[PDB]
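Undergrad: Take these chains first, placed just as they are in the complex:
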Amino acid sequence: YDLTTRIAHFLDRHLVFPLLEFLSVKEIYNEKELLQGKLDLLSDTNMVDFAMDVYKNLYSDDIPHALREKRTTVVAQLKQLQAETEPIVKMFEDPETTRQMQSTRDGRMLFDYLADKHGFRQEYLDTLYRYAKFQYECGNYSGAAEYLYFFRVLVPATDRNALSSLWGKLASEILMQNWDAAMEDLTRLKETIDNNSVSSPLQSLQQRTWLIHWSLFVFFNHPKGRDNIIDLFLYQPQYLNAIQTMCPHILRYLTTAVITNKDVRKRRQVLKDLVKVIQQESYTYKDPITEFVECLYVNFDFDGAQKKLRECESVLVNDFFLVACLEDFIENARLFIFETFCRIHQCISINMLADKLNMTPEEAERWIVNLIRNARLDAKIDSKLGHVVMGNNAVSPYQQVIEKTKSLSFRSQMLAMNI
Amino acid sequence: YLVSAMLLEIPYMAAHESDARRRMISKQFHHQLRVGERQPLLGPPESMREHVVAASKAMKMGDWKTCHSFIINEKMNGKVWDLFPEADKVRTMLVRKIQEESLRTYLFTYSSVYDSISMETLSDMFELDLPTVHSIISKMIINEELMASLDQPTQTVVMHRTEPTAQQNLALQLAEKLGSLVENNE
């Protein structure tokens, strides 16, 4: 839109905590790997989100998953070495270095209530800066983080610490699979992004991808929570210019929310002003499975599409992220493409269509009458024929304009005979 | 020529309200605005003279006036691709010459043919199936799709129902402005 004038300078010149690596070469699910990788490079050092990626495949190297986070989550990394007999005994600085804190630790762990129950705002200020540095030092310590950012929040350097340690609050609580902490952090990420910052397009990319990260792993009623990730930041399909945005499940959620709980009549949001321009088209050329959800929709195929999308749903069901919507969107995609059929088509046999639909005639016949009570199919059935006759055309529509000519100007005529 | 000789043929059944008055019409007004018209020589006539017979589909009369002496007149050769710009063009013709049956030849068609229609226009059958598919979801033709049989009955009978509403095209202007006279007055 208007970001490109400058961001042509940048094109993703951000720099975050997890810098280079994600678990390298795989066999198959080759797309999931790169749209796993870049959000992994730009979210956080995860911490069973790599164990999610390890499961499906079989290779060897489980080594740089949680080992490259030293200071906290020490059990995973310390086992990781003799997990498959890896001589990486080089683990020996955390126990000594964090042990040195323990005097100040006991001091300020009790200086918690020195500020809290006393109700101090100045012995707060003392503990506040010490906690502020403590939160950045080692952070799980979600117990310390949940105690910090619940009560009085503000931190001396209101930019650096309130940015990093609150991004570390979201980290640690997700790394322990907390969701009540994730939903307050959902809003605490809505806060920091729209503060906003110095906010060069550099850390705008940080910010827009920051409100893609949490609903990559949809956990809540995201049929609601996707209306939250649809109504912020020049609300694009992607949210960034960054034409190669590899965090691209935002359309999977868009479509879920709008087909599952909402309807697609009433799709104007998802198809008209969310698709054909630039970046949906970019991710359409990327994807093997989700490409045809738009490709064969902008081709409008009648049976060939619904077949190809059934073959796409065979690996749309192979998405084993924190999914909260697998079989939901599967039968919602089937519903959608059959709506694109009945909206235009005449009438055609259940038994042969049931061969097109991967189902049986009895399931077709009752479901078609279930579409009669849906108010999506406005037609009548017969007994057994399987030929559900749709006769949608207007009968000489002129009584519309009959009303338009009189019911306004005739009511306007009596308005001035009160003279 | 490919976003005019197609686009406004759906509201040009005496159904005018999509008018684009900056087109070939800058030429089309003036080079039929004369009486003695034979074989074309310039770019504009040698474009319009098969445009008008692309209108009455004539699928080869529309094409083989764009590939005679144009090639040396700097249409085909002049681009640094010999037969790839024509391969782009004449494909883009062969598709916008099944989308002629769509808006033009559908009058008293009650039964319709589909295997032979792609075989006539010597195109990939699917490549000319997908734009007739487009015409249902976009153009919404008064016709009925049943493509397990590869036939479509139309039932297009607005023949002289459309002419008392050609008298409504104006009773629209009547109705539009009586929704505008008080805006004027009050």
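TA: Noted; the coordinates are in hand. Residues are numbered from 1 along each chain as shown, chains lettered A, B, ... in the order given.
Undergrad: Whichever residue of chain A sits closest to chain B and residue B:131: what is the separation?
TA: Residue of chain A nearest chain B, by CB to the nearest CB: residue A:346 (3.7 Å). The C-beta positions use only the backbone N, C-alpha and C, and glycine is treated the same way. Distance, residue A:346 to residue B:131, using CB to CB, to the nearest Å: 19 Å.
Undergrad: Surely the residue of chain A closest to chain B forms part of a strand?
TA: No. Counting by DSSP: H, G, I helix; E, B strand; the rest coil, residue A:346 falls outside a strand, being coil.
Undergrad: Report how many residues lie close to residue A:413.
TA: Applying other CB atoms under 10 Å in any protein chain shown, we find 9 residues neighbouring residue A:413.
Undergrad: Neighbours of whatever residue of chain B ends up closest to chain A, how many?
TA: Across chain B, no residue is closer to chain A than residue B:144, which sits at 3.7 Å (CB to the nearest CB). Counted with other CB under 10 Å, the neighbours of residue B:144 add up to 20.
Undergrad: Got the phi and psi for it?
TA: In terms of degrees, to the nearest 10, the main-chain angles of residue B:144 are phi -120, psi 120.
Undergrad: picking up where we left off before, thinking the residue of chain A closest to chain B is in contact with residue B:145, fair?
TA: Yes. In this structure, residue A:346 is within contact of residue B:145 by CB atoms under 8 Å, at 6.2 Å.
Undergrad: Find the residue closest to the residue nearest in space to the middle of chain B in space, skipping its chain neighbours.
TA: Nearest residue to the geometric centre of chain B (CA atoms, centre = their mean): residue B:6, 2.9 Å. Spatial nearest neighbour of residue B:6, excluding adjacent residues (CB to CB, 6 or more residues apart in numbering or on different chains): residue B:96 at 5.4 Å.
Undergrad: put chain C onto that model:
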Amino acid sequence: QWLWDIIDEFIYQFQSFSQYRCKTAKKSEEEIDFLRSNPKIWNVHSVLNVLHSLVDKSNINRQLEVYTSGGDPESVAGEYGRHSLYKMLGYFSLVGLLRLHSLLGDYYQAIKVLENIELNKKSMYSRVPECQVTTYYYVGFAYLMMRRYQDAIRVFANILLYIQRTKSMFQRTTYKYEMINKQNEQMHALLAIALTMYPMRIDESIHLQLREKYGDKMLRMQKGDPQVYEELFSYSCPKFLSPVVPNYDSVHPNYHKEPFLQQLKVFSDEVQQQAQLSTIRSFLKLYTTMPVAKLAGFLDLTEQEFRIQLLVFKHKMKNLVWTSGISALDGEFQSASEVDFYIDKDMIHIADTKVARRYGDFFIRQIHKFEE
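TA: Once chain C is put in with the chains from before, the structure reads:
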């Protein structure tokens, strides 16, 4: 203060005007021919006629709000201030017609309606369009009361059309006109719900914008989501025996609390089973004579579990509005399908565009003659 001495002033001069309007309207014709002679203006005592009838219906109900039990107000109004002016020498005007309108205001309010015979018996006089719009307003209620919606809709579409050239335009309707129109919206919305698919009558009065409104409205009531059963009657609860509107809501008194509980508890009975019969019929007439397989296959949505599916559907099939049937050893479930066309609405609308031009002529043509 600013309520009660006004209540007295109104009701004292009401029953005092009832006195000298009952007594000098029975035998003699002296006042008659003197009110003909002196004021030729045939207006101000058609004003007195209607204005006092409306503020009487309101203010006696404002006194009823306090005098709930053993209450003189409605007795002294309804018997002597209404029914003594009723039994009258039928005067040569819209006086005798407005006396039977003035009491039918109370006779619709208090719901002891079945001398609807006598209401349209006693007037053998010209029901003026101004007065017959009020007659439609009055009788249409008495036929939604009688459990006949299919022909009570015949009464309300014509008044929310207001097609009979209504203008006066001498403070006569009066002072509560768009609320009367809003009540006419309630009545047409009422007669749309349990009837559609049957009309074929939410064309004329209610037009496409607030037709599809009351469409989406009544059909979500029909689906069995009672948000519209709720909203329709939540905003129609006093509209059947309201004063014109009650005086003043305060905190303490129990007397005021009884008549609004009264208007709740007795007509909430009417609407409960209105929305029930709506939701019972709601679903479409898909197949004709279903086999017992298709009978039960449609009772899969309509009513199953399980036992007593078939016999509670019998409870849904005996209504006077559900033509069904079950042949035993043939195993045939017969059902009716009552349809209607749409294009047959251009027979007197075409005469109405003729008279609409003649109306457009009227006001400008007297202007021309007065200017000339």
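Undergrad: let's see the neighbour count of residue A:413 again after adding chain C.
TA: 15.
Undergrad: Now for it, which secondary structure element holds it?
TA: helix A:409-413 (DSSP states H and E).
Undergrad: can you tell if that helix touches chain C?
TA: Yes. Interface with chain C: helix A:409-413 contributes A:410, A:413 (CB under 8 Å from any CB of the partner chain).
Undergrad: packing partners for that helix?
TA: Contact here means 3 or more CB pairs under 8 Å, 6 or more residues apart in numbering or on different chains; DSSP states H and E; on that basis helix A:409-413 packs against helix B:181-185, helix C:349-371.
Undergrad: Could you pull out the strands in the stretch 201-350 of chain A for me?
TA: Per DSSP state E, counting those that start in this stretch, the stretch 201-350 of chain A carries no strands over any range.
Undergrad: got the residue ranges for the helices in it?
TA: Here the stretch 201-350 of chain A has its helices, by DSSP state H, counting those that start in this stretch, at A:201-213, A:222-228, A:250-259, A:268-271, A:279-286, A:291-295, A:304-316, A:327-342, A:350-357.
Undergrad: which element follows the last one toward the C-terminus?
TA: Going down the chain from helix A:350-357, the next helix or strand is helix A:361-374, by DSSP H and E.
Undergrad: could you check the angle helix A:350-357 makes with that next one?
TA: Helix A:361-374 and helix A:350-357 are oriented at 90 degrees to each other (axes from the mean of the first three to the mean of the last three CA atoms, to 10 degrees).
Undergrad: for helix A:361-374, the distance to its chain's centre please.
TA: Centroid separation between helix A:361-374 and its chain, computed with CA atoms, centre = their mean, to the nearest Å, is 33 Å.
Undergrad: Sounds good, over and out.
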